[PDB]
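Data block for model_25.cif (mmCIF, C-alpha atoms and all ligand atoms):
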data_input
#
loop_
_atom_site.label_atom_id
_atom_site.label_comp_id
_atom_site.auth_asym_id
_atom_site.auth_seq_id
_atom_site.Cartn_x
_atom_site.Cartn_y
_atom_site.Cartn_z
CA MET A 1 -7.63 -9.42 -19.25
CA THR A 2 -4.87 -9.45 -16.66
CA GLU A 3 -6.12 -8.74 -13.12
CA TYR A 4 -3.87 -7.76 -10.15
CA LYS A 5 -5.11 -7.97 -6.56
CA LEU A 6 -3.40 -5.11 -4.68
CA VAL A 7 -3.64 -4.54 -0.93
CA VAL A 8 -2.92 -1.27 0.89
CA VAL A 9 -1.78 -1.97 4.47
CA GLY A 10 -0.32 0.02 7.34
CA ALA A 11 -0.92 1.48 10.79
CA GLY A 12 -3.97 3.58 11.61
CA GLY A 13 -4.12 7.07 10.06
CA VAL A 14 -1.15 6.79 7.75
CA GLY A 15 -3.24 7.61 4.68
CA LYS A 16 -4.09 4.18 3.15
CA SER A 17 -7.60 5.38 2.21
CA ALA A 18 -6.37 8.78 0.98
CA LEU A 19 -3.81 7.13 -1.34
CA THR A 20 -6.44 4.71 -2.70
CA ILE A 21 -9.12 7.41 -3.20
CA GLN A 22 -6.50 9.63 -4.93
CA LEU A 23 -5.77 6.84 -7.45
CA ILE A 24 -9.49 6.05 -7.90
CA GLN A 25 -11.16 9.50 -7.81
CA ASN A 26 -8.20 11.91 -8.15
CA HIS A 27 -9.71 13.58 -5.08
CA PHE A 28 -8.39 14.03 -1.51
CA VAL A 29 -10.54 12.41 1.26
CA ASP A 30 -12.58 14.56 3.67
CA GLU A 31 -12.29 14.04 7.40
CA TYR A 32 -16.06 14.46 7.73
CA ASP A 33 -16.66 11.26 5.72
CA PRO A 34 -14.15 8.56 6.92
CA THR A 35 -13.53 5.84 4.31
CA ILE A 36 -14.75 2.31 5.23
CA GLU A 37 -12.68 -0.75 4.25
CA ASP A 38 -13.58 -1.63 0.67
CA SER A 39 -12.14 -2.64 -2.68
CA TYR A 40 -12.01 -0.64 -5.91
CA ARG A 41 -11.57 -1.57 -9.58
CA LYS A 42 -9.65 0.47 -12.14
CA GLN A 43 -8.50 -0.61 -15.62
CA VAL A 44 -5.14 0.88 -16.64
CA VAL A 45 -2.48 0.33 -19.30
CA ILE A 46 1.05 -0.11 -17.87
CA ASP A 47 3.96 -0.45 -20.36
CA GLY A 48 1.51 -1.18 -23.18
CA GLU A 49 -0.19 -4.07 -21.34
CA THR A 50 -3.84 -3.64 -20.30
CA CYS A 51 -4.84 -4.75 -16.84
CA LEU A 52 -7.53 -4.56 -14.21
CA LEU A 53 -6.44 -3.42 -10.74
CA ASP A 54 -8.57 -4.78 -7.87
CA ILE A 55 -7.40 -2.76 -4.81
CA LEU A 56 -8.34 -3.47 -1.23
CA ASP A 57 -7.96 -0.53 1.14
CA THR A 58 -7.55 -2.20 4.54
CA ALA A 59 -8.30 -0.95 8.05
CA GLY A 60 -5.35 0.06 10.27
CA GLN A 61 -3.33 -2.97 11.44
CA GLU A 62 -4.13 -2.17 15.14
CA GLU A 63 -7.84 -1.75 14.42
CA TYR A 64 -10.01 -4.70 15.01
CA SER A 65 -10.29 -7.12 11.77
CA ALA A 66 -11.16 -10.88 10.97
CA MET A 67 -10.11 -10.75 7.27
CA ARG A 68 -6.31 -10.24 7.56
CA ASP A 69 -5.27 -13.80 6.81
CA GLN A 70 -7.62 -13.97 3.80
CA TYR A 71 -6.54 -10.66 2.27
CA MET A 72 -2.86 -11.62 2.68
CA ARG A 73 -3.55 -14.98 0.98
CA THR A 74 -5.50 -13.33 -1.86
CA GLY A 75 -3.26 -10.27 -2.23
CA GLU A 76 -0.73 -10.44 -5.04
CA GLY A 77 1.13 -7.23 -4.07
CA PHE A 78 1.19 -5.09 -0.93
CA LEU A 79 1.57 -1.35 -0.56
CA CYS A 80 3.22 -1.13 2.91
CA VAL A 81 2.39 2.38 4.01
CA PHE A 82 3.81 4.36 6.88
CA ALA A 83 3.51 8.06 7.55
CA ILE A 84 6.70 10.17 7.69
CA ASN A 85 5.42 11.81 10.94
CA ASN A 86 4.88 8.47 12.72
CA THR A 87 7.95 6.41 13.71
CA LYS A 88 5.85 3.58 15.09
CA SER A 89 4.03 3.29 11.76
CA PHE A 90 7.44 2.89 10.10
CA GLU A 91 8.85 0.50 12.69
CA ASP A 92 5.72 -1.64 12.49
CA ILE A 93 6.30 -2.26 8.76
CA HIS A 94 8.57 -5.05 10.08
CA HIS A 95 5.56 -6.75 11.65
CA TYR A 96 3.24 -6.39 8.67
CA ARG A 97 5.85 -7.64 6.16
CA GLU A 98 6.62 -10.62 8.42
CA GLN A 99 2.91 -11.49 8.74
CA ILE A 100 2.33 -11.29 4.98
CA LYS A 101 5.33 -13.52 4.28
CA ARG A 102 4.13 -15.95 6.97
CA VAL A 103 0.55 -16.21 5.66
CA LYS A 104 1.71 -16.57 2.05
CA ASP A 105 4.50 -19.00 3.08
CA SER A 106 6.88 -17.07 0.82
CA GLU A 107 10.07 -15.06 1.29
CA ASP A 108 9.35 -13.25 -1.98
CA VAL A 109 6.06 -11.35 -2.01
CA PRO A 110 5.62 -8.25 -4.27
CA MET A 111 5.73 -5.18 -2.00
CA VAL A 112 6.46 -1.45 -2.16
CA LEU A 113 7.37 0.60 0.90
CA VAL A 114 5.49 3.92 0.88
CA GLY A 115 6.21 6.86 3.19
CA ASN A 116 3.04 8.94 3.01
CA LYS A 117 2.31 12.51 4.22
CA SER A 118 5.50 13.86 2.60
CA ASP A 119 3.85 17.27 2.65
CA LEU A 120 4.08 17.48 6.47
CA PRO A 121 7.01 19.42 8.03
CA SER A 122 6.66 17.38 11.24
CA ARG A 123 8.80 14.55 9.86
CA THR A 124 10.11 11.95 12.33
CA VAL A 125 11.25 9.25 9.77
CA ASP A 126 14.16 10.29 7.56
CA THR A 127 14.06 9.35 3.87
CA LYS A 128 17.51 7.67 4.00
CA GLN A 129 16.44 5.42 6.89
CA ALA A 130 13.41 4.17 4.98
CA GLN A 131 15.45 3.84 1.78
CA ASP A 132 18.03 1.63 3.51
CA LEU A 133 15.31 -0.47 5.08
CA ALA A 134 13.65 -1.00 1.69
CA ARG A 135 17.06 -2.02 0.21
CA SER A 136 17.41 -4.61 3.05
CA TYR A 137 13.92 -5.96 2.12
CA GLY A 138 14.75 -5.84 -1.60
CA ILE A 139 11.73 -3.68 -2.45
CA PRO A 140 11.09 -0.21 -3.95
CA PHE A 141 10.60 2.77 -1.64
CA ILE A 142 8.48 5.79 -2.69
CA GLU A 143 7.55 8.88 -0.68
CA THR A 144 4.02 10.07 -1.42
CA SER A 145 1.55 12.76 -0.46
CA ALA A 146 -2.10 11.79 -0.82
CA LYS A 147 -2.83 15.48 -0.05
CA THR A 148 -0.79 16.88 -2.95
CA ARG A 149 -1.10 13.72 -5.16
CA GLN A 150 2.71 13.47 -5.31
CA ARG A 151 3.89 9.98 -6.50
CA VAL A 152 0.52 8.33 -5.83
CA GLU A 153 0.23 6.80 -9.28
CA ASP A 154 3.93 5.90 -9.15
CA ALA A 155 3.39 3.98 -5.89
CA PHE A 156 0.56 1.84 -7.24
CA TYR A 157 2.04 1.30 -10.71
CA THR A 158 5.42 0.38 -9.24
CA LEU A 159 3.62 -2.29 -7.24
CA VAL A 160 1.98 -3.64 -10.41
CA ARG A 161 5.46 -3.83 -12.00
CA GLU A 162 6.77 -5.74 -8.99
CA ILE A 163 3.91 -8.25 -9.41
CA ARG A 164 4.71 -8.49 -13.17
CA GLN A 165 8.39 -9.20 -12.38
CA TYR A 166 7.36 -11.78 -9.76
CA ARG A 167 5.07 -13.55 -12.28
CA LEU A 168 8.15 -13.91 -14.58
CA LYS A 169 10.11 -15.92 -11.95
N1 LIG A 201 -18.43 -2.99 -0.71
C1 LIG A 201 -19.00 -3.90 0.26
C2 LIG A 201 -18.89 -5.31 -0.20
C3 LIG A 201 -17.41 -5.79 -0.15
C4 LIG A 201 -16.91 -5.74 1.25
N2 LIG A 201 -15.57 -6.35 1.38
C5 LIG A 201 -14.49 -6.05 0.42
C6 LIG A 201 -14.36 -6.95 -0.78
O1 LIG A 201 -14.85 -6.30 -1.90
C7 LIG A 201 -12.89 -7.32 -1.07
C8 LIG A 201 -12.63 -8.49 -2.09
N3 LIG A 201 -11.28 -8.94 -1.75
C9 LIG A 201 -11.04 -9.79 -0.76
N4 LIG A 201 -12.02 -10.39 -0.14
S1 LIG A 201 -11.92 -10.88 1.34
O2 LIG A 201 -12.95 -11.82 1.68
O3 LIG A 201 -10.57 -11.26 1.72
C10 LIG A 201 -12.37 -9.37 2.20
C11 LIG A 201 -11.42 -8.69 2.90
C12 LIG A 201 -11.76 -7.52 3.50
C13 LIG A 201 -13.04 -7.00 3.40
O4 LIG A 201 -13.35 -5.84 3.97
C14 LIG A 201 -14.01 -7.63 2.61
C15 LIG A 201 -13.64 -8.83 2.00
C16 LIG A 201 -15.29 -7.09 2.45
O5 LIG A 201 -16.14 -7.27 3.28
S2 LIG A 201 -9.39 -10.00 -0.59
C17 LIG A 201 -9.06 -8.87 -1.75
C18 LIG A 201 -7.89 -8.49 -2.18
CL1 LIG A 201 -6.49 -9.15 -1.42
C19 LIG A 201 -7.76 -7.54 -3.17
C20 LIG A 201 -8.89 -7.04 -3.76
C21 LIG A 201 -10.09 -7.47 -3.29
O6 LIG A 201 -11.20 -6.98 -3.87
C22 LIG A 201 -10.21 -8.37 -2.32
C23 LIG A 201 -16.95 -4.29 1.69
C24 LIG A 201 -18.40 -3.73 1.62
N1 LIG A 202 -1.08 16.10 5.35
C1 LIG A 202 -1.56 14.93 4.94
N2 LIG A 202 -2.57 14.36 5.59
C2 LIG A 202 -2.94 13.18 5.04
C3 LIG A 202 -2.35 12.55 3.97
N3 LIG A 202 -3.00 11.36 3.73
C4 LIG A 202 -3.90 11.28 4.66
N4 LIG A 202 -3.94 12.37 5.47
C5 LIG A 202 -4.82 12.58 6.61
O1 LIG A 202 -4.65 11.49 7.47
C6 LIG A 202 -5.85 11.18 8.19
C7 LIG A 202 -6.22 9.75 7.94
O2 LIG A 202 -6.33 9.56 6.53
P1 LIG A 202 -6.83 8.19 5.98
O3 LIG A 202 -6.45 8.17 4.57
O4 LIG A 202 -8.20 7.99 6.44
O5 LIG A 202 -5.86 7.12 6.81
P2 LIG A 202 -6.02 5.58 6.92
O6 LIG A 202 -4.58 5.15 6.90
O7 LIG A 202 -6.81 5.19 5.69
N5 LIG A 202 -6.79 5.40 8.28
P3 LIG A 202 -7.44 4.10 8.89
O8 LIG A 202 -6.32 3.16 9.43
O9 LIG A 202 -8.33 4.33 9.92
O10 LIG A 202 -8.06 3.27 7.81
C8 LIG A 202 -6.89 12.18 7.66
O11 LIG A 202 -6.94 13.28 8.53
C9 LIG A 202 -6.31 12.55 6.30
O12 LIG A 202 -6.75 13.83 5.90
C10 LIG A 202 -1.24 13.13 3.32
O13 LIG A 202 -0.58 12.71 2.39
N6 LIG A 202 -0.92 14.37 3.88
CO CO A 203 9.24 -10.01 13.99
MG MG A 204 -8.60 4.00 5.84
#

Please rewrite the model in this file as structure tokens.
Amino acid sequence: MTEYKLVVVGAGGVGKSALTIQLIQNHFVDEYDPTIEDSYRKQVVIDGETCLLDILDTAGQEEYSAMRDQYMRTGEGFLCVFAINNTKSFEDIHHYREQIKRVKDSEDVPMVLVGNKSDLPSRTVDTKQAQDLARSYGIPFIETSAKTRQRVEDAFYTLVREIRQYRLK
């Protein structure tokens, strides 16, 4: 059965865990139980093809970690998450994308840019800005809300499709 190794990356507090737990449990994370870095398995059918998603929800990029090179080597597709209320989280996408491409020694790595927390009025990153950046990178851009569940499935399944298209190259 086809297996896809997906990695959710981004700055601290952008909602990497909340997006992952929404896909896995259909439930929004509680602040009184913070999610620890872990992987999750979920079998889904996308465009009539069955597959197993193995998703690694990573710690914030500024948090301490010894597994970044290994997850970037193993990862087949990356969900590059920023939060729409955090300009640094958006600007730092540059750094994460560059590190993934460096580790994987590839200019073409399946990626989706995700602007999370779309429910928040306190927006500091405009949709158009992030759209244009994604066009420059040649990747899809999706705004999501882990809180409201808006576009969460779309974000992950779009990434699977990007990996499928990459495997066809
Ligand atoms: N649940 C326990 C045991 C497992 C611990 N892990 C996470 C481990 O499952 C991840 C396996 N793994 C990977 N293993 S790994 O050695 O690189 C690793 C990276 C980060 C981790 O937190 C762990 C392992 C780990 O300790 S890479 C990877 C990708 Cl790219 C996608 C999906 C994956 O499942 C995946 C967390 C605590
Ligand atoms: N309003 C709103 N808050 C969200 C959303 N997603 C996550 N949060 C909030 O953001 C905070 C951090 O969420 P979490 O998912 O743990 O972020 P993370 O990116 O996984 N954090 P860490 O880098 O430490 O692993 C929590 O207070 C959570 O409730 C969202 O879409 N909307
Ligand atoms: Co750079
Ligand atoms: Mg987290």

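Selection of all polymer residues within 7 Å of ligand MG 204 (chain A) on the basis of all atoms listed in the file gives residues 13, 15, 16, 17, 35, 36, 37, 57, 58, 59 and 60 of chain A.
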
Could you give me, as a Markdown table, every chain A residue with an atom at most 7 Å from ligand LIG 202 (chain A), plus its closest atom pair and distance in Å to one decimal, counting all atoms listed in the file, rows ordered by chain then number?
| residue | atom | partner | partner_atom | distance |
| --- | --- | --- | --- | --- |
| A:10 | CA | A:LIG202 | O6 | 6.7 |
| A:11 | CA | A:LIG202 | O8 | 5.8 |
| A:12 | CA | A:LIG202 | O8 | 3.2 |
| A:13 | CA | A:LIG202 | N5 | 3.6 |
| A:14 | CA | A:LIG202 | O6 | 3.9 |
| A:15 | CA | A:LIG202 | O3 | 3.3 |
| A:16 | CA | A:LIG202 | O7 | 3.9 |
| A:17 | CA | A:LIG202 | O7 | 3.6 |
| A:18 | CA | A:LIG202 | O3 | 3.6 |
| A:19 | CA | A:LIG202 | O3 | 6.6 |
| A:29 | CA | A:LIG202 | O12 | 6.2 |
| A:30 | CA | A:LIG202 | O12 | 6.3 |
| A:31 | CA | A:LIG202 | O11 | 5.5 |
| A:34 | CA | A:LIG202 | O4 | 6.0 |
| A:35 | CA | A:LIG202 | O4 | 6.1 |
| A:58 | CA | A:LIG202 | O10 | 6.4 |
| A:59 | CA | A:LIG202 | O10 | 4.2 |
| A:60 | CA | A:LIG202 | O8 | 3.4 |
| A:116 | CA | A:LIG202 | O13 | 5.3 |
| A:117 | CA | A:LIG202 | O13 | 3.4 |
| A:118 | CA | A:LIG202 | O13 | 6.2 |
| A:119 | CA | A:LIG202 | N6 | 5.7 |
| A:120 | CA | A:LIG202 | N1 | 5.5 |
| A:144 | CA | A:LIG202 | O13 | 6.5 |
| A:145 | CA | A:LIG202 | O13 | 3.6 |
| A:146 | CA | A:LIG202 | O13 | 3.7 |
| A:147 | CA | A:LIG202 | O13 | 4.3 |
| A:148 | CA | A:LIG202 | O13 | 6.8 |

Exercise. Calculate how many Å separate atom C4 of ligand LIG 201 (chain A) from CA of residue 165 (chain A), rounding to one decimal.
Key: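 Between atom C4 of ligand LIG 201 (chain A) and CA of residue 165 (chain A) the gap is 28.9 Å.
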
Quiz item: What do you get as an MDAnalysis selection string if you pick all residues at most 10 Å from ligand LIG 201 (chain A), counting all atoms listed in the file?
Solution: chainID A and resid 3:8 36:41 53:59 65:78

Within-10 Å residues of ligand CO 203 (chain A), basis all atoms listed in the file, as a PDB file with C-alpha atoms, keeping the file's coordinate frame:
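Wrote selection-v8.pdb, looks like this:
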ATOM      1  CA  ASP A  92       5.720  -1.640  12.490  1.00  0.00           C
ATOM      2  CA  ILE A  93       6.300  -2.260   8.760  1.00  0.00           C
ATOM      3  CA  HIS A  94       8.570  -5.050  10.080  1.00  0.00           C
ATOM      4  CA  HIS A  95       5.560  -6.750  11.650  1.00  0.00           C
ATOM      5  CA  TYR A  96       3.240  -6.390   8.670  1.00  0.00           C
ATOM      6  CA  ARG A  97       5.850  -7.640   6.160  1.00  0.00           C
ATOM      7  CA  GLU A  98       6.620 -10.620   8.420  1.00  0.00           C
ATOM      8  CA  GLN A  99       2.910 -11.490   8.740  1.00  0.00           C
TER       9      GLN A  99
END

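If you look at CA of residue 124 (chain A) and CA of residue 24 (chain A), they are 28.8 Å away from each other.
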
Quiz item: Which one is closest to residue 122 (chain A): A:84, A:103, A:142, A:45? Count all atoms listed in the file.
Solution: A:84

Quiz item: What is the CA of residue 114 (chain A)-CA of residue 61 (chain A) distance in Å, reported with one decimal?
Solution: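 CA of residue 114 (chain A) sits 15.4 Å away from CA of residue 61 (chain A).
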
Quiz item: Got a sec: who's within 10 Å of residue 133 (chain A), counting all atoms listed in the file, leaving out chain neighbours fewer than 5 positions off, as a PyMOL selection string?
Solution: chain A and resi 90+93-94+113+127-128+138-141

Quiz item: Quick one: of A:162, A:63, A:91, A:126, who's nearest to residue 112 (chain A), counting only C-alpha atoms?
Solution: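 The closest residue to residue 112 (chain A) is A:162.
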
Quiz item: When distances are computed from only C-alpha atoms, which of A:20, A:2, A:158, A:106 shows the smallest separation from residue 49 (chain A)?
Solution: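 Using only C-alpha atoms, residue 49 (chain A) sits closest to A:2.
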
Exercise. Point out the residue among A:88, A:104, A:169, A:42 with the least atom-to-atom distance to residue 23 (chain A), counting all atoms listed in the file.
Key: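 Nearest to residue 23 (chain A): A:42.
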
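For the residues A:137, A:161, A:33, A:28, ranking by smallest atom-to-atom distance to residue 107 (chain A) using all atoms listed in the file places A:137 first.
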
Please return region 122-155 of chain A, rebuilt to N, CA and C atoms, as a PDB file, in the coordinates of the input.
ATOM      1  N   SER A 122       6.462  18.029   9.947  1.00  0.00           N
ATOM      2  CA  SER A 122       6.660  17.380  11.240  1.00  0.00           C
ATOM      3  C   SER A 122       7.158  15.936  11.063  1.00  0.00           C
ATOM      4  N   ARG A 123       8.215  15.820  10.265  1.00  0.00           N
ATOM      5  CA  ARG A 123       8.800  14.550   9.860  1.00  0.00           C
ATOM      6  C   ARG A 123       9.624  13.952  11.007  1.00  0.00           C
ATOM      7  N   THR A 124       9.339  12.673  11.322  1.00  0.00           N
ATOM      8  CA  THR A 124      10.110  11.950  12.330  1.00  0.00           C
ATOM      9  C   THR A 124      10.847  10.734  11.744  1.00  0.00           C
ATOM     10  N   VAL A 125      10.599  10.378  10.487  1.00  0.00           N
ATOM     11  CA  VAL A 125      11.250   9.250   9.770  1.00  0.00           C
ATOM     12  C   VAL A 125      12.026   9.839   8.617  1.00  0.00           C
ATOM     13  N   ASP A 126      13.339   9.709   8.635  1.00  0.00           N
ATOM     14  CA  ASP A 126      14.160  10.290   7.560  1.00  0.00           C
ATOM     15  C   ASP A 126      14.112   9.397   6.322  1.00  0.00           C
ATOM     16  N   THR A 127      14.158  10.040   5.167  1.00  0.00           N
ATOM     17  CA  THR A 127      14.060   9.350   3.870  1.00  0.00           C
ATOM     18  C   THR A 127      15.146   8.270   3.751  1.00  0.00           C
ATOM     19  N   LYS A 128      16.384   8.586   4.142  1.00  0.00           N
ATOM     20  CA  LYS A 128      17.510   7.670   4.000  1.00  0.00           C
ATOM     21  C   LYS A 128      17.267   6.398   4.812  1.00  0.00           C
ATOM     22  N   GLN A 129      16.742   6.562   6.040  1.00  0.00           N
ATOM     23  CA  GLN A 129      16.440   5.420   6.890  1.00  0.00           C
ATOM     24  C   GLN A 129      15.493   4.463   6.174  1.00  0.00           C
ATOM     25  N   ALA A 130      14.403   5.011   5.634  1.00  0.00           N
ATOM     26  CA  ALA A 130      13.410   4.170   4.980  1.00  0.00           C
ATOM     27  C   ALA A 130      13.965   3.585   3.685  1.00  0.00           C
ATOM     28  N   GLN A 131      14.821   4.346   2.977  1.00  0.00           N
ATOM     29  CA  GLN A 131      15.450   3.840   1.780  1.00  0.00           C
ATOM     30  C   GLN A 131      16.333   2.613   2.089  1.00  0.00           C
ATOM     31  N   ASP A 132      17.115   2.706   3.160  1.00  0.00           N
ATOM     32  CA  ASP A 132      18.030   1.630   3.510  1.00  0.00           C
ATOM     33  C   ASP A 132      17.235   0.404   3.940  1.00  0.00           C
ATOM     34  N   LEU A 133      16.120   0.647   4.659  1.00  0.00           N
ATOM     35  CA  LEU A 133      15.310  -0.470   5.080  1.00  0.00           C
ATOM     36  C   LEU A 133      14.743  -1.189   3.845  1.00  0.00           C
ATOM     37  N   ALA A 134      14.177  -0.403   2.897  1.00  0.00           N
ATOM     38  CA  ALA A 134      13.650  -1.000   1.690  1.00  0.00           C
ATOM     39  C   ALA A 134      14.728  -1.797   0.947  1.00  0.00           C
ATOM     40  N   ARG A 135      15.945  -1.266   0.861  1.00  0.00           N
ATOM     41  CA  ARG A 135      17.060  -2.020   0.210  1.00  0.00           C
ATOM     42  C   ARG A 135      17.313  -3.367   0.908  1.00  0.00           C
ATOM     43  N   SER A 136      17.217  -3.375   2.240  1.00  0.00           N
ATOM     44  CA  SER A 136      17.410  -4.610   3.050  1.00  0.00           C
ATOM     45  C   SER A 136      16.347  -5.658   2.683  1.00  0.00           C
ATOM     46  N   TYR A 137      15.113  -5.162   2.485  1.00  0.00           N
ATOM     47  CA  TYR A 137      13.920  -5.960   2.120  1.00  0.00           C
ATOM     48  C   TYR A 137      13.901  -6.307   0.622  1.00  0.00           C
ATOM     49  N   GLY A 138      14.700  -5.613  -0.165  1.00  0.00           N
ATOM     50  CA  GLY A 138      14.750  -5.840  -1.600  1.00  0.00           C
ATOM     51  C   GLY A 138      13.480  -5.378  -2.297  1.00  0.00           C
ATOM     52  N   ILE A 139      12.948  -4.224  -1.860  1.00  0.00           N
ATOM     53  CA  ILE A 139      11.730  -3.680  -2.450  1.00  0.00           C
ATOM     54  C   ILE A 139      11.900  -2.215  -2.780  1.00  0.00           C
ATOM     55  N   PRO A 140      11.105  -1.654  -3.731  1.00  0.00           N
ATOM     56  CA  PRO A 140      11.090  -0.210  -3.950  1.00  0.00           C
ATOM     57  C   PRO A 140      10.566   0.609  -2.764  1.00  0.00           C
ATOM     58  N   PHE A 141      11.079   1.811  -2.649  1.00  0.00           N
ATOM     59  CA  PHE A 141      10.600   2.770  -1.640  1.00  0.00           C
ATOM     60  C   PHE A 141      10.190   4.045  -2.369  1.00  0.00           C
ATOM     61  N   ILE A 142       8.991   4.536  -2.063  1.00  0.00           N
ATOM     62  CA  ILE A 142       8.480   5.790  -2.690  1.00  0.00           C
ATOM     63  C   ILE A 142       7.864   6.674  -1.612  1.00  0.00           C
ATOM     64  N   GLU A 143       8.188   7.952  -1.618  1.00  0.00           N
ATOM     65  CA  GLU A 143       7.550   8.880  -0.680  1.00  0.00           C
ATOM     66  C   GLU A 143       6.361   9.475  -1.455  1.00  0.00           C
ATOM     67  N   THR A 144       5.246   9.577  -0.773  1.00  0.00           N
ATOM     68  CA  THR A 144       4.020  10.070  -1.420  1.00  0.00           C
ATOM     69  C   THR A 144       3.357  11.120  -0.545  1.00  0.00           C
ATOM     70  N   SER A 145       2.482  11.890  -1.190  1.00  0.00           N
ATOM     71  CA  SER A 145       1.550  12.760  -0.460  1.00  0.00           C
ATOM     72  C   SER A 145       0.169  12.533  -1.090  1.00  0.00           C
ATOM     73  N   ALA A 146      -0.721  11.910  -0.371  1.00  0.00           N
ATOM     74  CA  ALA A 146      -2.100  11.790  -0.820  1.00  0.00           C
ATOM     75  C   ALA A 146      -2.728  13.186  -0.936  1.00  0.00           C
ATOM     76  N   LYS A 147      -2.305  14.113  -0.071  1.00  0.00           N
ATOM     77  CA  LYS A 147      -2.830  15.480  -0.050  1.00  0.00           C
ATOM     78  C   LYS A 147      -2.463  16.214  -1.339  1.00  0.00           C
ATOM     79  N   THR A 148      -1.206  16.126  -1.775  1.00  0.00           N
ATOM     80  CA  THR A 148      -0.790  16.880  -2.950  1.00  0.00           C
ATOM     81  C   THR A 148      -0.824  16.039  -4.217  1.00  0.00           C
ATOM     82  N   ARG A 149      -1.102  14.748  -4.086  1.00  0.00           N
ATOM     83  CA  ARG A 149      -1.100  13.720  -5.160  1.00  0.00           C
ATOM     84  C   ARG A 149       0.325  13.349  -5.618  1.00  0.00           C
ATOM     85  N   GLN A 150       1.354  13.789  -4.893  1.00  0.00           N
ATOM     86  CA  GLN A 150       2.710  13.470  -5.310  1.00  0.00           C
ATOM     87  C   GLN A 150       2.973  11.957  -5.239  1.00  0.00           C
ATOM     88  N   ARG A 151       3.413  11.387  -6.349  1.00  0.00           N
ATOM     89  CA  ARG A 151       3.890   9.980  -6.500  1.00  0.00           C
ATOM     90  C   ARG A 151       2.823   8.931  -6.169  1.00  0.00           C
ATOM     91  N   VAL A 152       1.547   9.304  -6.168  1.00  0.00           N
ATOM     92  CA  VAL A 152       0.520   8.330  -5.830  1.00  0.00           C
ATOM     93  C   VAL A 152       0.410   7.276  -6.935  1.00  0.00           C
ATOM     94  N   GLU A 153       0.309   7.736  -8.176  1.00  0.00           N
ATOM     95  CA  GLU A 153       0.230   6.800  -9.280  1.00  0.00           C
ATOM     96  C   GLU A 153       1.492   5.929  -9.292  1.00  0.00           C
ATOM     97  N   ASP A 154       2.642   6.577  -9.067  1.00  0.00           N
ATOM     98  CA  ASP A 154       3.930   5.900  -9.150  1.00  0.00           C
ATOM     99  C   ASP A 154       3.956   4.755  -8.153  1.00  0.00           C
ATOM    100  N   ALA A 155       3.363   4.973  -6.972  1.00  0.00           N
ATOM    101  CA  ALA A 155       3.390   3.980  -5.890  1.00  0.00           C
ATOM    102  C   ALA A 155       2.611   2.749  -6.347  1.00  0.00           C
TER     103      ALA A 155
END
